[PDB]
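File shown: model.pdb. Contents: PDB, C-alpha atoms.
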```
ATOM      1  CA  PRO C  32     -17.429  17.340   2.359
ATOM      2  CA  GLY C  33     -19.777  16.551  -0.510
ATOM      3  CA  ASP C  34     -19.378  12.766  -0.092
ATOM      4  CA  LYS C  35     -16.769  12.904  -2.857
ATOM      5  CA  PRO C  36     -13.282  11.380  -2.504
ATOM      6  CA  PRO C  37     -10.250  13.488  -3.443
ATOM      7  CA  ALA C  38      -9.634  11.522  -6.648
ATOM      8  CA  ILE C  39     -11.483   8.975  -8.771
ATOM      9  CA  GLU C  40      -9.570   5.988 -10.132
ATOM     10  CA  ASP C  41     -10.628   2.829 -11.940
ATOM     11  CA  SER C  42      -8.047   0.529 -10.347
ATOM     12  CA  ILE C  43      -9.351  -2.285  -8.161
ATOM     13  CA  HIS C  44      -8.066  -0.906  -4.862
ATOM     14  CA  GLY C  45      -8.915   2.619  -5.974
ATOM     15  CA  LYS C  46     -12.513   1.691  -6.754
ATOM     16  CA  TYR C  47     -13.098  -0.002  -3.402
ATOM     17  CA  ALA C  48     -11.358   2.729  -1.399
ATOM     18  CA  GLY C  49     -13.400   5.447  -3.080
ATOM     19  CA  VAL C  50     -16.661   3.668  -2.321
ATOM     20  CA  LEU C  51     -15.523   3.147   1.259
ATOM     21  CA  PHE C  52     -14.523   6.799   1.582
ATOM     22  CA  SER C  53     -17.858   7.958   0.168
ATOM     23  CA  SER C  54     -19.926   5.527   2.233
ATOM     24  CA  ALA C  55     -17.966   6.220   5.411
ATOM     25  CA  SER C  56     -18.011   9.997   4.972
ATOM     26  CA  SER C  57     -21.714   9.625   4.184
ATOM     27  CA  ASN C  58     -23.067   8.123   7.380
ATOM     28  CA  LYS C  59     -20.932  10.143   9.776
ATOM     29  CA  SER C  60     -17.448   8.749  10.174
ATOM     30  CA  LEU C  61     -14.079   8.728   8.438
ATOM     31  CA  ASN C  62     -11.620   8.809  11.347
ATOM     32  CA  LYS C  63     -13.012   5.592  12.818
ATOM     33  CA  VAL C  64     -12.471   3.696   9.569
ATOM     34  CA  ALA C  65      -9.046   5.323   9.309
ATOM     35  CA  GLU C  66      -7.938   3.635  12.524
ATOM     36  CA  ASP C  67      -9.359   0.326  11.298
ATOM     37  CA  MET C  68      -7.533   0.546   7.971
ATOM     38  CA  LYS C  69      -4.375   1.806   9.673
ATOM     39  CA  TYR C  70      -4.519  -1.161  12.038
ATOM     40  CA  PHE C  71      -4.730  -3.556   9.092
ATOM     41  CA  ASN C  72      -1.683  -1.983   7.433
ATOM     42  CA  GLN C  73       0.475  -2.297  10.543
ATOM     43  CA  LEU C  74      -0.714  -5.876  11.017
ATOM     44  CA  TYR C  75      -0.138  -6.847   7.379
ATOM     45  CA  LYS C  76       3.571  -6.080   7.825
ATOM     46  CA  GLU C  77       4.074  -7.057  11.477
ATOM     47  CA  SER C  78       2.182 -10.364  11.633
ATOM     48  CA  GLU C  79       3.599 -12.920   9.214
ATOM     49  CA  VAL C  80       0.653 -15.320   9.402
ATOM     50  CA  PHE C  81      -1.851 -12.565   8.630
ATOM     51  CA  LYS C  82       0.032 -11.665   5.451
ATOM     52  CA  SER C  83       0.173 -15.312   4.376
ATOM     53  CA  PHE C  84      -3.543 -15.629   5.122
ATOM     54  CA  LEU C  85      -4.531 -12.668   2.951
ATOM     55  CA  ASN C  86      -2.338 -13.721   0.036
ATOM     56  CA  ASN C  87      -3.483 -17.334   0.360
ATOM     57  CA  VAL C  88      -5.992 -17.973  -2.417
ATOM     58  CA  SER C  89      -6.625 -21.716  -2.022
ATOM     59  CA  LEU C  90      -8.672 -20.798   1.048
ATOM     60  CA  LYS C  91     -12.428 -21.202   0.927
ATOM     61  CA  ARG C  92     -14.868 -18.340   1.431
ATOM     62  CA  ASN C  93     -16.321 -19.799   4.627
ATOM     63  CA  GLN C  94     -12.828 -20.366   6.016
ATOM     64  CA  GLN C  95     -11.830 -16.770   5.304
ATOM     65  CA  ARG C  96     -14.986 -15.551   7.048
ATOM     66  CA  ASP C  97     -14.318 -17.570  10.209
ATOM     67  CA  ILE C  98     -10.687 -16.464  10.526
ATOM     68  CA  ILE C  99     -11.663 -12.815  10.108
ATOM     69  CA  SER C 100     -14.241 -13.159  12.880
ATOM     70  CA  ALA C 101     -11.586 -14.694  15.138
ATOM     71  CA  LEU C 102      -9.464 -11.594  14.554
ATOM     72  CA  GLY C 103     -12.231  -9.304  15.769
ATOM     73  CA  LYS C 104     -15.929  -8.782  15.094
ATOM     74  CA  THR C 105     -16.065  -5.472  16.991
ATOM     75  CA  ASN C 106     -13.744  -2.444  17.140
ATOM     76  CA  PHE C 107     -14.275  -2.297  13.353
ATOM     77  CA  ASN C 108     -16.805   0.119  11.904
ATOM     78  CA  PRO C 109     -19.796  -1.592  10.234
ATOM     79  CA  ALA C 110     -18.557  -0.288   6.893
ATOM     80  CA  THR C 111     -15.278  -2.129   7.462
ATOM     81  CA  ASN C 112     -17.107  -5.352   8.320
ATOM     82  CA  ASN C 113     -19.306  -5.036   5.237
ATOM     83  CA  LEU C 114     -16.213  -4.314   3.156
ATOM     84  CA  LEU C 115     -14.501  -7.496   4.328
ATOM     85  CA  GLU C 116     -17.605  -9.554   3.590
ATOM     86  CA  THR C 117     -17.779  -8.104   0.083
ATOM     87  CA  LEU C 118     -14.088  -8.773  -0.558
ATOM     88  CA  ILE C 119     -14.491 -12.390   0.553
ATOM     89  CA  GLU C 120     -17.448 -12.819  -1.779
ATOM     90  CA  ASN C 121     -15.626 -11.217  -4.719
ATOM     91  CA  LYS C 122     -12.292 -13.011  -4.112
ATOM     92  CA  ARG C 123     -10.704  -9.557  -3.738
ATOM     93  CA  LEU C 124      -9.419 -10.137  -0.195
ATOM     94  CA  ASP C 125      -5.816 -10.274  -1.420
ATOM     95  CA  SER C 126      -6.054  -6.589  -2.400
ATOM     96  CA  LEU C 127      -7.254  -5.569   1.067
ATOM     97  CA  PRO C 128      -3.863  -4.048   2.064
ATOM     98  CA  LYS C 129      -3.565  -1.739  -0.937
ATOM     99  CA  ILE C 130      -7.098  -0.451  -0.335
ATOM    100  CA  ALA C 131      -6.150   0.401   3.248
ATOM    101  CA  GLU C 132      -3.033   2.315   2.215
ATOM    102  CA  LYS C 133      -4.897   4.111  -0.561
ATOM    103  CA  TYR C 134      -7.665   5.159   1.831
ATOM    104  CA  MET C 135      -5.232   6.680   4.330
ATOM    105  CA  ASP C 136      -3.606   8.571   1.452
ATOM    106  CA  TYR C 137      -6.936  10.247   0.715
ATOM    107  CA  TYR C 138      -7.338  10.865   4.440
ATOM    108  CA  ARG C 139      -3.856  12.382   4.639
ATOM    109  CA  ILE C 140      -4.813  14.613   1.709
ATOM    110  CA  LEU C 141      -7.747  15.897   3.738
ATOM    111  CA  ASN C 142      -5.238  16.644   6.495
ATOM    112  CA  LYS C 143      -4.413  20.342   6.364
ATOM    113  CA  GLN C 144      -0.947  19.900   7.884
ATOM    114  CA  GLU C 145       1.794  19.612   5.261
ATOM    115  CA  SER C 146       5.564  19.125   5.249
ATOM    116  CA  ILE C 147       7.768  21.614   3.391
ATOM    117  CA  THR C 148      11.310  20.647   2.351
ATOM    118  CA  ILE C 149      13.989  23.277   1.643
ATOM    119  CA  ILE C 150      17.129  22.411  -0.332
ATOM    120  CA  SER C 151      20.174  24.678   0.034
ATOM    121  CA  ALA C 152      23.882  24.125  -0.577
ATOM    122  CA  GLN C 153      25.083  26.108   2.428
ATOM    123  CA  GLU C 154      24.265  24.899   5.912
ATOM    124  CA  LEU C 155      21.273  26.790   7.289
ATOM    125  CA  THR C 156      22.097  28.731  10.441
ATOM    126  CA  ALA C 157      19.396  28.637  13.108
ATOM    127  CA  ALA C 158      18.923  32.398  12.832
ATOM    128  CA  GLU C 159      18.576  32.065   9.066
ATOM    129  CA  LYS C 160      16.096  29.214   9.492
ATOM    130  CA  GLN C 161      13.874  31.410  11.658
ATOM    131  CA  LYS C 162      13.806  34.015   8.892
ATOM    132  CA  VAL C 163      12.867  31.301   6.405
ATOM    133  CA  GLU C 164       9.936  30.331   8.614
ATOM    134  CA  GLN C 165       8.796  33.952   8.655
ATOM    135  CA  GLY C 166       8.880  34.048   4.863
ATOM    136  CA  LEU C 167       7.014  30.778   4.414
ATOM    137  CA  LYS C 168       4.460  31.998   6.941
ATOM    138  CA  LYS C 169       3.998  35.339   5.188
ATOM    139  CA  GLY C 170       3.633  33.389   1.952
ATOM    140  CA  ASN C 171       0.921  31.109   3.320
ATOM    141  CA  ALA C 172       0.037  33.043   6.508
ATOM    142  CA  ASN C 173      -3.121  30.932   6.934
ATOM    143  CA  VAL C 174      -2.010  27.290   7.354
ATOM    144  CA  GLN C 175       0.278  25.721   9.936
ATOM    145  CA  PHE C 176       3.086  23.605   8.529
ATOM    146  CA  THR C 177       6.106  21.528   9.503
ATOM    147  CA  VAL C 178       9.475  22.367   7.969
ATOM    148  CA  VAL C 179      12.175  19.939   6.851
ATOM    149  CA  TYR C 180      15.700  20.696   5.676
ATOM    150  CA  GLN C 181      18.060  18.970   3.253
ATOM    151  CA  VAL C 182      21.508  20.156   2.118
ATOM    152  CA  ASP C 183      23.289  18.097  -0.538
ATOM    153  CA  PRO C 184      22.841  20.051  -3.810
ATOM    154  CA  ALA C 185      25.062  21.200  -6.641
ATOM    155  CA  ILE C 186      23.340  24.609  -6.577
ATOM    156  CA  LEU C 187      24.857  27.353  -4.436
ATOM    157  CA  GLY C 188      23.230  29.987  -2.246
ATOM    158  CA  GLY C 189      19.876  28.876  -3.631
ATOM    159  CA  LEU C 190      16.663  27.741  -1.960
ATOM    160  CA  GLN C 191      14.245  25.207  -3.442
ATOM    161  CA  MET C 192      10.996  24.491  -1.600
ATOM    162  CA  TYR C 193       8.934  21.338  -2.085
ATOM    163  CA  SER C 194       5.409  21.458  -0.641
ATOM    164  CA  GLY C 195       3.589  18.197  -1.228
ATOM    165  CA  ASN C 196       3.071  18.669  -4.951
ATOM    166  CA  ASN C 197       4.440  22.169  -5.674
ATOM    167  CA  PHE C 198       8.025  23.161  -6.456
ATOM    168  CA  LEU C 199       9.416  26.699  -6.326
ATOM    169  CA  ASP C 200      12.983  27.324  -7.471
ATOM    170  CA  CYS C 201      14.818  30.398  -6.188
ATOM    171  CA  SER C 202      18.216  28.830  -6.804
ATOM    172  CA  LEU C 203      21.080  30.998  -7.967
ATOM    173  CA  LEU C 204      22.062  28.108 -10.241
ATOM    174  CA  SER C 205      18.969  28.859 -12.320
ATOM    175  CA  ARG C 206      19.981  32.511 -12.545
ATOM    176  CA  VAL C 207      23.460  31.502 -13.710
ATOM    177  CA  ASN C 208      22.111  29.249 -16.456
ATOM    178  CA  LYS C 209      19.491  31.769 -17.578
ATOM    179  CA  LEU C 210      22.057  34.553 -17.965
ATOM    180  CA  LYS C 211      24.585  32.418 -19.837
ATOM    181  CA  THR C 212      21.839  31.356 -22.236
ATOM    182  CA  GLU C 213      20.385  34.818 -22.838
ATOM    183  CA  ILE C 214      23.825  36.363 -23.324
ATOM    184  CA  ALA C 215      24.412  33.771 -26.032
ATOM    185  CA  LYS C 216      21.250  34.715 -27.938
ATOM    186  CA  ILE C 217      21.995  38.462 -27.991
ATOM    187  CA  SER C 218      22.283  38.233 -31.786
ATOM    188  CA  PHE C 219      24.467  41.341 -31.928
TER     189      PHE C 219
ATOM    190  CA  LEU A  34      -8.613  -5.156  19.608
ATOM    191  CA  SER A  35      -4.964  -6.140  20.035
ATOM    192  CA  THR A  36      -1.836  -6.616  17.951
ATOM    193  CA  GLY A  37      -1.096 -10.028  19.482
ATOM    194  CA  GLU A  38      -4.183 -11.332  17.683
ATOM    195  CA  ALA A  39      -1.771 -13.189  15.385
ATOM    196  CA  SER A  40      -1.849 -16.123  17.797
ATOM    197  CA  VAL A  41      -5.651 -16.009  17.724
ATOM    198  CA  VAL A  42      -5.605 -16.058  13.928
ATOM    199  CA  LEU A  43      -2.944 -18.770  13.968
ATOM    200  CA  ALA A  44      -4.980 -20.939  16.332
ATOM    201  CA  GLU A  45      -8.179 -20.428  14.344
ATOM    202  CA  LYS A  46      -6.358 -21.229  11.103
ATOM    203  CA  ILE A  47      -4.799 -24.456  12.398
ATOM    204  CA  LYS A  48      -8.191 -25.750  13.539
ATOM    205  CA  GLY A  49     -10.804 -24.576  11.048
ATOM    206  CA  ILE A  50      -8.968 -26.018   8.033
ATOM    207  CA  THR A  51      -7.689 -29.605   7.858
ATOM    208  CA  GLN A  52      -5.009 -28.423   5.455
ATOM    209  CA  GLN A  53      -1.894 -26.217   5.453
ATOM    210  CA  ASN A  54       0.850 -28.813   5.369
ATOM    211  CA  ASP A  55       4.471 -27.745   4.917
ATOM    212  CA  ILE A  56       3.821 -25.110   2.243
ATOM    213  CA  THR A  57       7.548 -24.786   1.576
ATOM    214  CA  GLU A  58       7.445 -28.239  -0.063
ATOM    215  CA  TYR A  59       3.751 -28.692  -0.913
ATOM    216  CA  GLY A  60       1.269 -26.710  -2.956
ATOM    217  CA  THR A  61      -2.349 -26.568  -4.037
ATOM    218  CA  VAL A  62      -3.694 -26.485  -7.590
ATOM    219  CA  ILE A  63      -5.481 -23.183  -8.175
ATOM    220  CA  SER A  64      -6.519 -24.108 -11.711
ATOM    221  CA  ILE A  65      -5.803 -26.673 -14.404
ATOM    222  CA  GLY A  66      -6.380 -26.388 -18.126
ATOM    223  CA  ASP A  67      -4.837 -26.093 -21.580
ATOM    224  CA  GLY A  68      -1.951 -28.253 -20.430
ATOM    225  CA  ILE A  69      -1.099 -25.810 -17.647
ATOM    226  CA  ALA A  70      -1.675 -25.882 -13.902
ATOM    227  CA  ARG A  71      -1.577 -22.839 -11.620
ATOM    228  CA  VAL A  72      -0.145 -24.218  -8.399
ATOM    229  CA  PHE A  73      -0.146 -22.204  -5.182
ATOM    230  CA  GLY A  74       2.381 -21.876  -2.390
ATOM    231  CA  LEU A  75       4.932 -24.302  -3.807
ATOM    232  CA  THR A  76       7.662 -22.077  -2.424
ATOM    233  CA  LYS A  77      11.372 -22.971  -2.416
ATOM    234  CA  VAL A  78      10.838 -24.804  -5.712
ATOM    235  CA  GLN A  79      13.401 -24.337  -8.471
ATOM    236  CA  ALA A  80      12.826 -23.435 -12.095
ATOM    237  CA  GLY A  81      12.803 -26.685 -14.040
ATOM    238  CA  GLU A  82      12.150 -28.708 -10.894
ATOM    239  CA  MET A  83      10.048 -31.852 -11.253
ATOM    240  CA  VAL A  84       6.908 -31.885  -9.126
ATOM    241  CA  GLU A  85       4.394 -34.670  -8.630
ATOM    242  CA  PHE A  86       0.674 -34.361  -8.017
ATOM    243  CA  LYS A  87      -1.624 -36.572  -5.953
ATOM    244  CA  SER A  88      -2.385 -39.139  -8.661
ATOM    245  CA  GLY A  89       1.366 -39.590  -9.237
ATOM    246  CA  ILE A  90       1.531 -37.770 -12.565
ATOM    247  CA  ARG A  91       4.504 -35.411 -12.672
ATOM    248  CA  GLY A  92       5.198 -31.928 -13.990
ATOM    249  CA  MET A  93       7.951 -29.356 -14.344
ATOM    250  CA  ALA A  94       7.850 -25.876 -12.805
ATOM    251  CA  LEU A  95       8.256 -23.599 -15.808
ATOM    252  CA  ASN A  96       7.176 -20.158 -14.563
ATOM    253  CA  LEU A  97       7.767 -18.965 -10.996
ATOM    254  CA  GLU A  98       5.437 -16.066 -10.236
ATOM    255  CA  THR A  99       4.920 -14.084  -7.051
ATOM    256  CA  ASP A 100       1.533 -15.578  -6.185
ATOM    257  CA  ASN A 101       1.431 -18.872  -8.089
ATOM    258  CA  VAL A 102       3.580 -21.338 -10.014
ATOM    259  CA  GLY A 103       3.004 -22.234 -13.640
ATOM    260  CA  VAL A 104       3.682 -25.941 -14.101
ATOM    261  CA  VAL A 105       3.329 -27.877 -17.352
ATOM    262  CA  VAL A 106       1.871 -31.335 -16.810
ATOM    263  CA  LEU A 107       3.659 -34.241 -18.468
ATOM    264  CA  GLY A 108       0.523 -36.185 -19.226
ATOM    265  CA  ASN A 109      -3.212 -35.892 -19.705
ATOM    266  CA  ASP A 110      -4.870 -33.026 -17.848
TER     267      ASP A 110
END
```

Using the file provided, produce a representation of the structure as structure tokens.
Amino acid sequence: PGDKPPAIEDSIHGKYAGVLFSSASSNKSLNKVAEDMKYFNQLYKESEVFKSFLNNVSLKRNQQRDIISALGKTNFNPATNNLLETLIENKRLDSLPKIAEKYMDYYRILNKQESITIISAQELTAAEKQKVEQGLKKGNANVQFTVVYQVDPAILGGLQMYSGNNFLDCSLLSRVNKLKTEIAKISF
Amino acid sequence: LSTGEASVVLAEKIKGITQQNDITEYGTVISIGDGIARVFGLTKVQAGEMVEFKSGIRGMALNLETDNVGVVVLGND
């Protein structure tokens, strides 16, 4: 997709993840590295020793290299192996988790599927929810999506949709405030 | 690959390095200078605690950071 990550950032983990995304997407593969990075994230939180190993800084470079090999020398894309070697050489191994997370983020941005959250005061009847799906479809009409619901507002009879990074307010509470403000400014 | 590779990593770690004593009570000096030492993995230590290095010289744990411990040495660096 133009060998260009979604975003460019100067942070340590951001810099490495962008290079990995570019390099990976360059040769052929991104999904393979995604599983590798996803595996590291799950392991970083599930295995206590692995977390202590990464954070450990008194460890020598050769020692870090041997332990990584013991983990696994295969089932990791060559880019991932080269990335680990570079991190060991640059003493950046401690930041390996963040990189992983960050990478998946970018990957999840490339994912077309998105989750839409609707906020309404009144409980949404199943029949009403089906109508809402029809409206969201007709609005997009070209992308499949998963819907989520949430009802604990102060607004009433209003719908507010959150879609990843966009917010659309159809709440009646907004209408109430707007009218009370404009009526005040009549300047009769 | 497998998730149970923790034991593999644990076994490799215990052998390859003749180190890793009881980290909860011991630590390693990351750096020393300007009358300050950056100890590592001296967990369970208390602020103001008195630590002792190999040579016997002592120090007090002033700053307790996430990754390291800032200890002021009560003697010549």

Restrict the calculation to only C-alpha atoms, then for each residue of chain A with any atom at most 7 Å from an atom of chain C give the closest atom pair and their distance in Å to one decimal, rows by chain and rising residue number, as a tab-separated table.
```
residue	atom	partner	partner_atom	distance
A:34	CA	C:106	CA	6.3
A:38	CA	C:102	CA	6.1
A:39	CA	C:78	CA	6.1
A:41	CA	C:101	CA	6.6
A:42	CA	C:102	CA	5.9
A:43	CA	C:80	CA	6.8
A:45	CA	C:98	CA	6.0
A:46	CA	C:98	CA	6.5
A:49	CA	C:94	CA	6.9
A:61	CA	C:89	CA	6.8
A:63	CA	C:89	CA	6.4
```

Next on the checklist: Which residues would end up in the selection if the PyMOL selection byres ((chain A and resi 96) around 10) were applied here, given that I need the answer as a PyMOL selection string?
Outcome noted: chain A and resi 71+79-81+93-95+97-99+101-105

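Note that the spacing between CA of residue 112 in chain C and CA of residue 82 in chain C amounts to 18.5 Å.
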
Next on the checklist: Under the rule that only C-alpha atoms are counted, which of C:151, C:108, C:117, C:54 is the nearest residue to residue 181 in chain C?
Outcome noted: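 Checking each candidate against residue 181 in chain C, we get C:151 as the closest.
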
Checklist outcome for this item: Computed gap from CA of residue 75 in chain C to CA of residue 132 in chain C is 10.9 Å

Checklist outcome for this item: Pairwise distance, CA of residue 170 in chain C with CA of residue 189 in chain C, equals 17.8 Å

Next on the checklist: So, with only C-alpha atoms as the atoms that count, which of C:150, C:203, C:210, C:135 lies closest to residue 64 in chain C?
Outcome noted: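 Using only C-alpha atoms, the shortest distance to residue 64 in chain C belongs to C:135.
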
Item to check | residue 88 in chain A environment, 12 Å, all atoms listed in the file, sequence neighbours closer than 2 positions dropped, as a list in words | outcome: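 So, after excluding close chain neighbours, the residues are residues 84, 85, 86, 90, 91, 92, 108, 109 and 110 of chain A.
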
Item to check | Answer key for the PyMOL selection byres ((chain C and resi 46) around 12), residues as a VMD selection string | outcome: chain C and resid 36 38 to 45 47 to 53 123 126 to 127 129 to 131 133 to 134

Give me the residues within 7 Å of residue 57 in chain A as a short mmCIF file (atom, residue, chain, number, x, y, z; two decimals) with C-alpha atoms, keeping the file's coordinate frame, counting only C-alpha atoms and dropping any in the same chain fewer than 5 places off.
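Output saved as out_12.cif:
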```cif
data_model
loop_
_atom_site.label_atom_id
_atom_site.label_comp_id
_atom_site.auth_asym_id
_atom_site.auth_seq_id
_atom_site.Cartn_x
_atom_site.Cartn_y
_atom_site.Cartn_z
CA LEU A 75 4.93 -24.30 -3.81
CA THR A 76 7.66 -22.08 -2.42
CA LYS A 77 11.37 -22.97 -2.42
#
```

Checklist entry - Expanded to explicit residues, what is the PyMOL selection byres ((chain C and resi 177) around 8) for this file, as a VMD selection string? => result chain C and resid 144 to 147 175 to 176 178 to 179

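Shortest atom-to-atom contact with residue 83 in chain A among A:107, A:50, A:62, A:56: A:107, counting only C-alpha atoms.
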
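Those residues that approach residue 204 in chain C to within 10 Å, counting all atoms listed in the file, are residues 185, 186, 187, 188, 189, 190 and 209 of chain C; same-chain residues fewer than 5 positions away are not listed.
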
Checklist entry - If we count all atoms listed in the file, what is near residue 92 in chain C at a cut-off of 8 Å, once residues fewer than 3 positions away on the same chain are taken out, given as a PyMOL selection string? => result chain C and resi 95-96+119-120

Go ahead and dump the residues you just picked, C-alpha atoms, as a PDB file, in the coordinates of the input.
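File produced: out29.pdb:
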```pdb
ATOM      1  CA  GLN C  95     -11.830 -16.770   5.304  1.00  0.00           C
ATOM      2  CA  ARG C  96     -14.986 -15.551   7.048  1.00  0.00           C
ATOM      3  CA  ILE C 119     -14.491 -12.390   0.553  1.00  0.00           C
ATOM      4  CA  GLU C 120     -17.448 -12.819  -1.779  1.00  0.00           C
TER       5      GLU C 120
END
```

Final N, CA and C atoms of range 48-60 of chain A as a tab-separated table (two decimals), keeping the file's coordinate frame:
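Wrote part12.tsv, looks like this:
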```tsv
chain	number	residue	atom	x	y	z
A	48	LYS	N	-7.06	-24.88	13.23
A	48	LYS	CA	-8.19	-25.75	13.54
A	48	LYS	C	-9.22	-25.78	12.41
A	49	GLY	N	-9.67	-24.61	11.96
A	49	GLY	CA	-10.80	-24.58	11.05
A	49	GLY	C	-10.56	-25.32	9.75
A	50	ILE	N	-9.31	-25.39	9.30
A	50	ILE	CA	-8.97	-26.02	8.03
A	50	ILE	C	-8.08	-27.23	8.30
A	51	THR	N	-8.49	-28.38	7.79
A	51	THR	CA	-7.69	-29.60	7.86
A	51	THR	C	-6.75	-29.65	6.65
A	52	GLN	N	-5.87	-28.66	6.61
A	52	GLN	CA	-5.01	-28.42	5.46
A	52	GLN	C	-3.80	-27.64	5.98
A	53	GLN	N	-3.07	-26.99	5.08
A	53	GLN	CA	-1.89	-26.22	5.45
A	53	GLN	C	-0.82	-27.15	5.99
A	54	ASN	N	-0.35	-28.03	5.12
A	54	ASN	CA	0.85	-28.81	5.37
A	54	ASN	C	2.06	-27.92	5.11
A	55	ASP	N	3.25	-28.52	5.04
A	55	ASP	CA	4.47	-27.74	4.92
A	55	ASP	C	4.50	-27.08	3.55
A	56	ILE	N	3.96	-25.86	3.49
A	56	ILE	CA	3.82	-25.11	2.24
A	56	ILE	C	5.14	-24.97	1.50
A	57	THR	N	6.26	-24.97	2.22
A	57	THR	CA	7.55	-24.79	1.58
A	57	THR	C	7.85	-25.91	0.59
A	58	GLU	N	7.21	-27.06	0.76
A	58	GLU	CA	7.44	-28.24	-0.06
A	58	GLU	C	6.20	-28.72	-0.77
A	59	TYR	N	5.02	-28.28	-0.34
A	59	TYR	CA	3.75	-28.69	-0.91
A	59	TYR	C	3.01	-27.48	-1.47
A	60	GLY	N	2.07	-27.76	-2.36
A	60	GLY	CA	1.27	-26.71	-2.96
A	60	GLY	C	-0.10	-27.22	-3.33
```
